[PDB]
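Structure at a glance
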Amino acid sequence: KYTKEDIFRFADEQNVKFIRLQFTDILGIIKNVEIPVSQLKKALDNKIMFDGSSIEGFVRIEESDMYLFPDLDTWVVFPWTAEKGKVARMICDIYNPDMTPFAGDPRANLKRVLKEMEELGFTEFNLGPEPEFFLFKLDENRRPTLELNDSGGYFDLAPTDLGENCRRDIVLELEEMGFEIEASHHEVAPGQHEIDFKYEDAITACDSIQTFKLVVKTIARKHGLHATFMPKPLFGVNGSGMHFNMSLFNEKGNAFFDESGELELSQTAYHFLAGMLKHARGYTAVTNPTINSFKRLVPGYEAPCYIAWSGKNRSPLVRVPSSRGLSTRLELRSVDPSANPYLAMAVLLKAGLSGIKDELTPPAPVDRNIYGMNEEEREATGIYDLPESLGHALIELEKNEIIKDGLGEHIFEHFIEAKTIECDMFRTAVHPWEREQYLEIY
Amino acid sequence: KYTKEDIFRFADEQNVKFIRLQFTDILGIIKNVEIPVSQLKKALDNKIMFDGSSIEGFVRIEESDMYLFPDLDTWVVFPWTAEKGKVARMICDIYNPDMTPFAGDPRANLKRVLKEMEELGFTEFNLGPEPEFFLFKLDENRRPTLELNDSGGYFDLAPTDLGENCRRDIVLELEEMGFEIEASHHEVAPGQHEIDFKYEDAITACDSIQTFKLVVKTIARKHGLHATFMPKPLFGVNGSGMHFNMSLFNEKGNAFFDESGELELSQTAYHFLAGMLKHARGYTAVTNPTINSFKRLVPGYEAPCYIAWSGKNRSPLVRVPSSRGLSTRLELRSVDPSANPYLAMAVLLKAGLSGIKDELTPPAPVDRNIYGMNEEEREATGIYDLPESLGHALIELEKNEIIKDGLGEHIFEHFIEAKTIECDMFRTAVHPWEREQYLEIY
Amino acid sequence: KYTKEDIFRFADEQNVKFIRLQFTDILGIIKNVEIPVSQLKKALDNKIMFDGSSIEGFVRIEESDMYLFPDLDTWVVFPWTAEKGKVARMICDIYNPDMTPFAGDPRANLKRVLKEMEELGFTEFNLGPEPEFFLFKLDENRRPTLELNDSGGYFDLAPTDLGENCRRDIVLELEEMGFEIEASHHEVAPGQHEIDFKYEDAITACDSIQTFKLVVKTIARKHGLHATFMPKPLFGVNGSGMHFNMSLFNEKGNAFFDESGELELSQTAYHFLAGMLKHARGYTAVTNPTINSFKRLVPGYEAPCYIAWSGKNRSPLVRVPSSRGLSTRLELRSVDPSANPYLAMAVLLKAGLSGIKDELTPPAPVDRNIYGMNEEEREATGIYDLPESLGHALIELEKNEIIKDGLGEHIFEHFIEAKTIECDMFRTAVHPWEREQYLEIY
Amino acid sequence: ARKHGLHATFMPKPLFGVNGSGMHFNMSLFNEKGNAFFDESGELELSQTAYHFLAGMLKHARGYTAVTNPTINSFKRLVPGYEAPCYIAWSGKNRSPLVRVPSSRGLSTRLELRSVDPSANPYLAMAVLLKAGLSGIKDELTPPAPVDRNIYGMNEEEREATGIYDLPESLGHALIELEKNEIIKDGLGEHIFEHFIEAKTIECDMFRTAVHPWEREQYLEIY
Ligand SMILES: Nc1ncnc2c1ncn2[C@@H]1O[C@H](COP(=O)(O)OP(=O)(O)O)[C@@H](O)[C@H]1O
Ligand SMILES: Nc1ncnc2c1ncn2[C@@H]1O[C@H](COP(=O)(O)OP(=O)(O)O)[C@@H](O)[C@H]1O
Ligand SMILES: Nc1ncnc2c1ncn2[C@@H]1O[C@H](COP(=O)(O)OP(=O)(O)O)[C@@H](O)[C@H]1O
Ligand SMILES: C[S@](=O)(CC[C@H](N)C(=O)O)=NP(=O)(O)O
Ligand SMILES: C[S@](=O)(CC[C@H](N)C(=O)O)=NP(=O)(O)O
Ligand SMILES: C[S@](=O)(CC[C@H](N)C(=O)O)=NP(=O)(O)O
Ligand SMILES: C[S@](=O)(CC[C@H](N)C(=O)O)=NP(=O)(O)O
C-alpha cells in the first residue's frame, strides 16, 4: 500500500502540475475537481470540501458542505496533455462534515457490503468488466451526429473498422495508466467496440471501470468521434452491454474452481448462481438503471431476456466460459455500461452471497438458445421473465429487501425517488413514434 | 323504419349516380366500396361479396369471401358530390357465406347487446358524444405538419380563432346530411375544436359518429387544414376526448329522472354509476385503445386520472351535468375519439347495467378537485387510479369477465393479439427522446 | 324593448343561420360560442351551459358547469357573412347552476355598481370612448410582422396613410352593426388610427366597445393587416389610449352643465372630479392593467403622468373638452384599450360617486404643461405621481377598500391573483435589453 | 477566454432558470496574530464579536444591496432555487441563507455572505460592509436567529413569524432603502453617493421606459 510519503515523490519525480480529485455520484457519473500541486498537502490532510447539494443524489441544501478524504493507492499521472501542465488524479470516498462516511457515497456502500464476505471468509471479490461502447461522428460544430464511424461487423478489419488506430490510441493511454489490457476488437453491431482488460479486486475494478470511460470519451474525441455507453442507441442492432465476470477468492485459491463437479465447477459457485437467479428480478433496476437498456434486454441481440443459465451459451442471464481454472468466472450478461459499477457489486454480492448461507439449490442449465422458446415453455421450465420496463423493474426491487439492504438506505431512497422521476418523466411525454402511427391515421 | 321499395325509387327523385356500402373494421376505420346506381338491386339483395382477408379484425385467407347486407335506414347523400357524381350512402352489417351474420361484426355486437337492456325494459340506449379534434396546417405537398391552424383558447374569437369559418362550413355540411348540431366552437388547446350534437339511439348515434369523423376529415382540407382525431398529438395541452353522455329510456321517461328530488337521479341511475365505476379498470383498454391515449389520461388536462365521480365537475371520471330535465345524463369522460363506437357502448353497457343486475352502490361523489388529492389522501377515500400503460390496461381487460363477454369471442381474440404487437413495437423501438437524454451523457 | 317574440321573428326575416352567444371574461378577452338557428330557442330559454373553469377568472373546476342568459337588446346581424351562413350575436350574462347570477360576472358587477346612482338620483351615465389602435403589416403565411402599414402623422392624407380605406371599411361594418360613428382619422404615432363613436349608456357603450374591436381586428386582417390595441408596441412613440368621455344625466339634464361655475360646469360636475383625483392612485391598476401600459404613462407623448386636471389641456389626468352643453363632459386619459371596460366603469363610478356624497373639494386646474414642471414643482401643488409600475399599482389599490368594493370580492380576489403571478412573470424574466447593456460591458 | 476562443461574462444572470454567477464574500478580522471569529473551545467557535458582526450586516442588509447588486440584472438573480440568497437570514453549512457559515474553522474561520455578484464595486462594497458591520460590534448589536432550514420552502407569510423579511425586489426598491441609510452613506462618501444615485436612476429609468420584446410577445396578439 501507498502512504502519504510516497505521494510527495510522485508529484516531484513525475513533475506533475495538478491533481484531479475525482469521485462518482449515485447515477454513475464521474465528477472531479482540479487543484494546483500547491494544495497537494491539504487534500492529503483530508481537509477538502465541496457543495454536496449539487451532486445528484448526495445531501440536501440545509447541510450542503461535505468532506473529501483522498485515497492514495489510486494515484495515476495523466499521459495526455502533460507538457501544458502534467496532470495527476487521486479518487476517493466522501465523508459528511463530522468525519463520518457518507451513506450516499456508493464507494463506501461497496466497502460496507465487502465486509460481509470476510465473516464468510473470502479474500477478493474479483470482477472482469467488458464495457461495450459505440462511436459517432462529430459534426462541423463538434456536436455528435446520428452517423456512426464505420459499418463494421464482428472482429472486422481495415478498411471496415474506422476505429482501428482509434481504439489503439485508447489502449495506449490505458497502458500508460498501469493497465494490463486483454484484447481490442470491433463488435457485432455497426460501430460497436469492445476493449478487454484483466480483472482486479472488487473496488479496484470499479475504479478501473470509471477510469476506463474517461480514457475513451476523451481519446475518441481526439479522433473526432463521440463515444457513448447508452445501451441500445440504435434500434435493431446489438445493444452494447457491459458483461460482469466475477469470481470469489480464498487464499490464492479461486473458490469457484473444483474440477470434480459436473462442469468442473465448485459448490460456492453453483450456490452463487441461484443467489442471483432468484433475486435477478430485483436488481435489474440497479444493473439496468435506464429506460434505454430495457430496449437491449429484448431478444435476439446476444443480450439476456430471461432468468436462466448455461455453459458457454450467450443467450441466458448467466454464461459459463468454456475456459476455467484460475480464469474461472461467472458471466452476468444483463449489466450495461449505463449501470453504476459500485451499486452493482454491492447489489450483486449480497444477492450472490445470499446463496451461500442458504444456497437455494440452483436450477438446471437451459442448454439451448433461450431466445426461441415459447411462453408455453418459458413457463414449462419456470424461468422468470425479466422486467418489461423500468416501471416494473423498480417495484420488483423494493420487494427484494436483501438488495435494498446492499444499498444502505440513503442510496436506495434517493434512487427509487430519482428513477421513478425519470420513469414518470418519459411515460407522460409525447415523442414522435406516436405521431407517425396515429396522427395521420385516426 | 325504411322500406326496400321506397329507396329503389329514392334514386329517380334526386338523380343518384353512385352508392357507397361502408362498414367498420375492428379499429374504427370506416371502410367503403363505391358502386353505381346501375347495381342498386344487387347490393339491396345482399350479393355484394368482398374480401375480409385484408381487413384487420376479420377472417383468414382460407375462408375470405364475405357478404354485405345494407341497413337501408342509414341513407344520406353527400352535399358535395353535386349533380356530377351524386353519391348515395348506406352502412352494411357483415354476414358469412352461410349467411350466418358475422361473429366479429362490431355493429352486430352492439345490435346484440342492445337487447340485454330489452329483457329488463328499456326503449332506447341514448348516447351523445362531444368529440374534440385538433387541426393542423398543410404544405406545398398537401401533407400534414407540426403547426396548428391557430394558437387559440377556449371560446376565443376570430382572429384569435381561425376555424371560425372552417367549423361553420363543417357543421352545415352535416346539417344538410341530417344532424341536430348543438354547438360549434374552439376548445381549450390551440387548433382543437369541439362540434357536438343531440344524443341518439345506440347504433344510430355511433352510426352518426363515423359520419362526423369522416365529414370533419373531409371539409378540413377543403379549407387547407388537417383533421386529426388523435388523442394527444402535442404536449402540455388538453387532449381530445370523445365525451360520453348516455341515458336509458322507458315509456316516455328518462329512467334517470327523479322528478322532484334534490338529486333528480333515480336509484337505477345511481346503480349504473357503480356499474361502470367498478368495471372501469377493465374496459378502459377499449375506451382508450391506443398507446398514445394514456398520455392524455393524466392530471391537469381536464381528463380523468382516477376512478371517481362528482357533480357539475369536469375532473372526475364520471361528470354529473346539473342540467337534468329529460336531458338527465351521466357523463363518462374517459374516452378519446380513437375507441370503436360500436364497441365502447357494448363494453360500457355490458358493465354498467351489470351495476343494476347486481345492484351495486356507487362510492362517495368526491366534489373536490381530484387531482389535488395527496398521493395517499386519495388512498383513504378508496379512489384508485386508472391503468398506467396499454400494457397494464391490457392485462386488466383479459381478466375482467364482465366486459370480456360483452365483447365477443372472436372480437376479444383478434383484438388482444393486435394491441400486444401494437404495444410491442412501442416497447422495442427507441425514440429520439432517449438519445436526447442518454447519448451525450453516458 | 326587444321581446323573445320579435327575435324568433327577426331570424326568419333576414335569414340568419347561426347564433353567437358572446361574453367578456375578467380581463377584456371576448369569448363566444356558435350555434345554428336550430338551437336559438334553447338559448332564449336560458338553458345553454358552458365551461366555467376554462374561462379565465370565473370559477374552479370542482363546480365547473355554469349557465348563459342572453341579453336580447344587443341583437345585431354580423354583416360580413352575406347569404351563406348568416350570423347574429347577443351578449350574455352568467348565472350559476342555480339560475342566480355570477358575483364574478363582469357584466353583473357593472349592473350592481349602477344601482348606486338609482338611490342618489341619476338617469344615465354616458360614456364616449376613443379607442386608438395600431396597424401592422402581415407576413405571407398570415402571421403579424412588426412593420406598420404607413409612416403617417396625426390627420395626414393619402398617400401618407395606407389604411385610409382600411378605417373607411372599418367604419362601414360598424355603420350596419348599429353604430352612430363620430369621426375617423390617423393618430400621432405612425400606423395609428382613431375612430370615434358617439356615447352610449354605461352597459351599452361597453358592449359597443367590445363590438368595435371584434370588427376592427377582423376587418383589418381582411386588409392583410393586423390590428392591435397594445398601449405601446413601439418605444419612443405616442401610445394608443382609449379616452373615456363620461357624463351624468338627470331628466334630459346633463348633470354637469350649469352655466355658472368658472367654466359652465356644475357642482355635481366639479364634485365628481375630486373623487377620482385622490382615488386615481387606486384605480390605475384597473384602468391600466398591463405592464406595457406603464411604458405609455411616461411624459411627453400626450399621456397622463401625474394626477391633476386642466381645461382644453391634454397633459393632465382629466381634461374637460371646451365643448359643453349636452356636449359637457369630463375626459380621463389614464385608460388605455388594454383594460376591462365594465370593470373600469364599476371602478370609476364608486370613485366618482364618492366625489358626490363627500365631494372632497376638487383641486384647482393645473393649467400648465404638466410635463414641464420639475419634481420640485410636482411637490409644489402636491400633485400625486401616478403609480410607477403594475406592482406599485396593485398594492396602492388594495388600500382603497372602496374601489375594491366596486369590484366585488370574487372579482378582486382573482384579479390581484393573476396580475401578481403575471407581474411576477416579467420581474423575473431576462429579456434582450439586459444582455445588451451588461454582457460585453461586464 | 478570448485567447482560447470564448467570450467571458460576469453578468449575474444571462439566462433563465439556471444558477446565476455570484461573488461570495467570505470575511474575517485579525487581532494580534488571531482570527477574531475563532473561539477555540466554544460551542459554535463563533466569538461574540463574530455574532455582533453578524447582526451588523444583517440589520442593514435591506439597504446596502444597491451597492452590492447595482445592476437591474443583479435582482434577476436574487430569487430562490438557484442557490442564491433571497431573504435576510443566516445559518451554517447551508447555501439557502443570505449569510452562510462554512463548517471548517481552524484559523480559517469565516462567515460567508453570498448576495454579491461580480458586478458590484469591491473597493466600495467592503467600505459598505465594514462600516455597517462594525456598526454591529461598535453598537454591540445582537444577531437574529439561525434558520437552519432551507429558506425557499417557507410559506409566504411564514418567515414573517420567524421575523425574516425579504431583500429588495427591484433596483428602484433597493435604491430607496439606500437613500434612507446613513450608516453606509457616510461609509460611502459625499461625492460618491451623489454621482452614484444620479447614475443608476437613469439607468433604471431606461429600463422602465423602454418596451422589451416580452411585451410584444405577450400582449400584441391577444390584447
Ligand atoms: N477469472 C476471472 N475472474 C474475473 N474476471 C475475468 C476472469 N477471467 C476473465 N475475466 C474477464 O473477462 C474479460 C474478457 O472478456 P472476453 O474476452 O470478451 O470474454 P467473452 O468473449 O467470453 O465474453 C476480461 O476483461 C477479464 O477481466
Ligand atoms: N338526456 C341526454 N342523454 C344523453 N346525452 C345528452 C342528454 N342531454 C344532453 N346530452 C348531451 O350533452 C352534450 C352537451 O355538449 P356540451 O354542452 O359541449 O357539454 P359540456 O358542457 O360537457 O361541454 C351534448 O352532446 C348532448 O348530446
Ligand atoms: N356629452 C357627452 N357625453 C359623453 N361623451 C361625449 C359627449 N360629448 C362628446 N363625447 C365624446 O367625445 C368623443 C370625441 O373624441 P375626440 O374628437 O377624439 O375628442 P378629443 O380629441 O378631445 O379626445 C366622442 O367619441 C364622443 O363619444
Ligand atoms: C457476443 S458479445 O458477447 C456481444 C455483446 C452483446 N452486444 C451484449 O452485450 O448484449 N460480447 P462478448 O463475447 O465479448 O462477451
Ligand atoms: C372543456 S372540456 O370540457 C376539455 C376536456 C378534454 N378535451 C378531454 O376530454 O380530454 N370538454 P367538454 O367541453 O366537451 O365538456
Ligand atoms: C392627441 S390624442 O389626443 C393621442 C393620445 C396619446 N397619443 C396617447 O393616448 O398616448 N387623442 P385625441 O385627440 O382623440 O384626444
Ligand atoms: C455551488 S455554489 O456553492 C452556488 C452559488 C450560487 N450560484 C450563487 O449565486 O452564489 N457556490 P460556491 O461553490 O462558490 O460556494
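Residues numbered from 1 in each chain as written, not as in the entry; some residues may be left out. Chains lettered and ligands numbered in written order. Part of a larger assembly, values for the part shown. Heavy atoms only, no water. Residues with missing side-chain atoms left out of burial classes, pairs and counts.

1. Section: the overall build of chain A
Selection rule: Strands here are runs of E lasting at least two residues and helices are runs of H or I lasting at least four, both read from the DSSP assignment and numbered beginning at the N terminus. Throughout, the radius of gyration refers to the C-alpha atoms, and the reference size of a globule is 2.2 Å times the residue count to the power 0.38. Residues count as neighbours in contact if any of their non-hydrogen atoms are within 4.5 Å of one another.
In terms of helices and strands, chain A carries 12 helices and 18 strands. Against the compact-globule benchmark of 22 Å for 442 residues, chain A has a radius of gyration of 22 Å, which places it among compact chains. Taking the intrachain contacts of chain A between residues at least 6 apart in sequence as the baseline, contacts between residues at least 24 apart amount to 70%.

2. With respect to unusual backbone geometry
Leave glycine aside and you will find that most residues have negative phi; peptide bonds, for their part, are mostly trans. A cis amide bond, omega 15°, links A158 of chain B with the succeeding residue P159 of chain B. With respect to the secondary-structure elements, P159 of chain B resides in the loop between β9 (132–136) and α4 (166–177). With a phi close to 65°, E262 of chain C is a non-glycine residue in the positive phi region. With respect to the secondary-structure elements, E262 of chain C resides in the loop between β15 (257–261) and α6 (267–283). You will see that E45 of chain D, though not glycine, has its phi angle at about 50°, which is positive. For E45 of chain D, the location among the structural elements is in the loop between β1 (25–27) and α1 (50–60).

3. Here we look at the relation of the copies chain A and chain B
Relating the two copies of this chain is a rotation about some axis coupled with a shift parallel to it. Under the convention used in this document: We line the copies up by least squares, and the atoms we fit are the C-alpha atoms.
Aligned on chain B, chain A shows an RMSD of 0.8 Å; the corresponding rotation is 179° and the shift along the axis is 0.0 Å. Both copies of the chain, as the preceding transformation shows, are related through a two-fold rotation axis. Within chain A, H431 of chain A has its C-alpha nearest the rotation axis, a separation of 3.5 Å. Looking at the interface residues of chain A, 94% of them are also at the interface in chain B, so both copies use one shared face.

4. Some words on the UniProt feature "binding site: Mg(2+) 1" (unreviewed entry) in chain A
Residue and element names in this part refer to chain A. Applicable threshold: UniProt positions are given in the numbering used here, feature names are shortened, and annotations may be inferred rather than shown by experiment. The definition of a polar contact used here is a pair of N or O atoms within 3.5 Å, where within protein one atom must be able to donate a hydrogen and the other to accept one, and adjacent residues in sequence count solely through side-chain atom pairs.
In the numbering used here, UniProt assigns the "binding site: Mg(2+) 1" (unreviewed entry) feature to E130, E132, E187, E194, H243 and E331. Within the secondary structure, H243 is located in strand β14 (residues 243–250). Filtering out sequence-adjacent residues up to four positions away, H243 remains in contact with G128, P129, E130, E132, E331, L332, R333 and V335. Looking at the element boundaries, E331 is found in strand β18 (residues 330–332). Leave out the neighbours within four places in its chain, and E331 touches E130, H243, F244, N245, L317, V318 and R319. A distance of 2.4 Å separates a polar atom in the side chain of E331 from a polar atom in the side chain of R319.

5. So, the environment of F272 of chain C
All names here are of chain C. Looking at the element boundaries, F272 is found in helix α6. Taking the C-alpha atoms as reference points, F272 and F8, separated by 264 residues in sequence, lie 43 Å from one another. The residues touching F272, leaving out its near neighbours within four places in the chain, are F125, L248, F256, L330, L348, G352 and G355.

6. Looking at the site of ligand 6
Residues and elements named next belong to chain C. Quick note on the threshold: Throughout, near means a residue has at least one heavy atom within 4 Å of the molecule or strand. Three classes are used, and their members are as follows: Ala, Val, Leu, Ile, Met, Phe, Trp, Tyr, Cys and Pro are nonpolar, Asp, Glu, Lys and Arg are charged, and the others, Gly among them, are polar.
The environment of ligand 6 is formed by 15 residues, the closest being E130, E132, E194, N238 and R296. In this structure, a nitrogen atom belonging to ligand 6 sits 2.8 Å away from a side-chain N or O atom of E132. One nitrogen or oxygen atom from the main chain of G239 is found 3.1 Å from an oxygen atom belonging to ligand 6. Split into classes, the residues belonging to the shell around ligand 6 amount to 2 nonpolar, 5 polar and 8 charged.

7. Let's talk about the interface of chain C and chain B
Threshold: By convention, the term buried area covers the 1.4 Å-probe accessible surface removed from two parts as they join, with the contributions of both added. Think of a salt bridge as a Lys or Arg side-chain nitrogen and an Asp or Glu carboxyl oxygen that are within 4 Å of each other.
Facing the 36 residues of chain C at the interface are 36 residues of chain B. Here chain C meets chain B over a buried area of about 3000 Å², counting both sides, of which 50% is carbon and sulfur. The three residues of chain C that bury the most area against chain B are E34, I61 and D65 of chain C, which together make up 19% of that side's buried surface. Taken together, chain C and chain B are joined by 7 salt bridges. For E164 of chain B, the salt bridge is made with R20 of chain C, and the minimal N-O distance between the two is 3.7 Å. Mapped onto the side of chain C that touches chain B, the elements with two or more residues apiece are β1 (18–24), β2 (30–31), β3 (34–36), β4 (48–50) and α5 (202–220) of chain C. The class makeup of the residues in the side of chain C that touches chain B is 15 nonpolar, 11 polar and 10 charged.

8. Brief notes about α1 of chain D
Residues and elements named next belong to chain D. Operational definition: Type-normalised accessible area, obtained with a 1.4 Å probe on protein chains alone, sets the label of each residue: buried when under 20%, exposed when over 50%, and partly exposed for intermediate values.
α1 sits mainly inside the fold: 10 of its 11 residues count as buried. All of the buried residues along α1 are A50, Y51, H52, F53, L54, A55, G56, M57, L58 and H60. Those residues of α1 that are buried lie in contact with β1, β2 (90–92), β3 (99–101), β4 (111–113) and α3 (122–133).

9. Some remarks on the UniProt feature "binding site: ADP 1" (unreviewed entry) in chain A
Residue and element names in this part refer to chain A. The feature "binding site: ADP 1" (unreviewed entry), as given by UniProt, occupies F197, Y199, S247, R314, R319, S327 and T328 in the numbering adopted here. Not counting the four nearest positions on each side in its chain, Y199 is found in contact with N126, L127 and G128. Position of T328 relative to the elements: it lies in the loop between β17 (318–320) and β18. Overall, the relative accessible area of 3% leaves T328 in the buried class. Residues in contact with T328, not counting those within four places in the same chain, are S247, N254, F256, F257 and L265.

10. Concerning empty space enclosed by the protein
Empty pockets left among the atoms are what a rolling probe the size of a water molecule brings to light. Formally: In this analysis, the protein atoms alone were mapped onto a 1 Å grid. Cavities are point sets where a 1.4 Å probe fits without being able to get out; pockets are open sets with protein on both sides within 12 Å along at least five of seven lines; lining residues have an atom within 4 Å of a point. Grid points are joined across faces, edges and corners, and a volume is the space filled by probe spheres set on the points.
Put simply, the largest cavity is a space of about 90 Å³. Lining the largest cavity we find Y442 of chain A together with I26, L27, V286, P289, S338, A339, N340, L343, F415 and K419 of chain B. In this structure, the second largest cavity occupies an estimated 70 Å³ of space. Those elements giving two or more residues to the lining of the second largest cavity turn out to be β1 (18–24), β5 (66–70) and β6 (87–96) of chain A. Each residue belonging to the lining of the second largest cavity can be placed in one class, and the counts come to 7 nonpolar, 1 polar and 1 charged.

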